[PDB]
């Protein structure tokens, strides 16, 4: 796969919806991204993982691209970073009913750290062991400026893991982890110690 640093012009990266759109246009000939800097004069700085090399547009400038060929062995420790959207489903607390007379089932973010770590370890499964992790609960990202706007609530997991199954870990990196992959979640970044 390819890893690129991309900068999206401010006027074209104001809404969450716009980011994916702008990035999609980089492939004129399925990608993942991680926002590195949300608001600068020149716009939004993104790390972009893709199967094809991106091609700059007028609004999305590819600053640099590097191809990754993986060399993983079992037992190797790696730093990891993953911005994710961990969620679960619960019954509405006020037992509010939907149009068919049923209690509403609501999607909610995981806010308890123990539950966030459990979610991560569950997604990684047989691919790797979490050796150490710090789940940073980030500020939510809103769909619009409207007072009633919904939002996406993310956690940025950072720490160290140890590889247990190389092919399984590669698959996780290629596919991305968890919901909201089109909104800048799911990109699992790895690095040697």
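Positions refer to the first chain, counted from 1.
According to the entry, the deposited sequence has 4 to 9 residues without coordinates between residue 29 and residue 30. For the pair 128-136 and 60-68, the mean B factor over Cα atoms is greater in 60-68. Once the C-alpha B-factors are averaged per stretch, 11-19 and 166-174 rank with 11-19 first. Highest C-alpha temperature factor among 107, 123, 83, 95, as the PDB entry reports it: 95. Annotation for residue 89: C-alpha temperature factor in the middle third relative to the rest of the modelled chain, per the entry. In this PDB entry, residue 191 carries a Cα temperature factor that places it within the lowest third of its chain's modelled residues. In the PDB entry, residue 118 places in the lowest third of its chain by CA B-factor. Among the modelled residues of the chain, residue 41 sits in the highest third by CA temperature factor in this PDB entry. The deposited CA B-factor of residue 78 belongs to the lowest third of values across its chain.
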